[PDB]
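Here we start with a single chain on its own, the form deposited in one PDB entry, put down as structure tokens.
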């Protein structure tokens, strides 16, 4: 796990270099998670999926989606924010809300399933501000040291000689707003797609079409958002 091995082995080459300043903090998080198991508390997602968002190429990222923390229901979280395994049904409520906005915004049919890896394969970073959670306890790992790691990840993206659009979903995601001051970066901010906050302005936010207009405006290729 991230206790055992260096970034060079755990994440993609560009990410390994981008996250060098938090190499120790990443090892520290591995120890936090080992202490959780030792005490008999569980975490999500599975250890090998915690850093999965950093296994897609750093240099290929054009859009950053940031949520709060992983799905608290066992069998949901896969290390990509809001993504579920292609065989998961029903979809978690957040994802149902995201796909309703996806159809409203882009005019596409409902996706066949909740598997977002096409977005990750097409330059969308599916990040959470905090990369682990205790089952059934949303925000249970807030302030345990992931924030430094996702802050570093964002600074590094914003320092690239490349265009970037950030979609920040909810209050924890929005605390990355200051580290997105770079001129080649633009932030879309909305309430979380979670049922508690969705009606406060998630619905009708049109994040997907706006992201693409912003990319086009910076001479970047738009994202192909269409899922099968």
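Heads up, when I say rigid core I mean the largest set of C-alphas that superpose within 1.5 Å between the two forms. Residue numbers count along the first chain shown, from 1.
In what follows, reference is made to the form deposited in another entry, a form of this protein that is not presented.
Comparing the forms between this form and the one not shown on their rigid core, the Cα displacement of residue 189 reaches 2 Å or more. Core-superposed comparison between this form and the one not shown: the CA of residue 174 exceeds or equals a 2 Å shift. Once both forms are fitted on their rigid core, the CA atom of residue 48 lies less than 2 Å apart between this form and the one not shown. In the other entry, the Cα-Cα separation between residue 187 and residue 163 shrinks by 3 Å or more relative to the displayed conformation. A shift of at least 3 angstroms brings the Cα atoms of residue 114 and residue 196 nearer to each other in the other entry than in the displayed structure.
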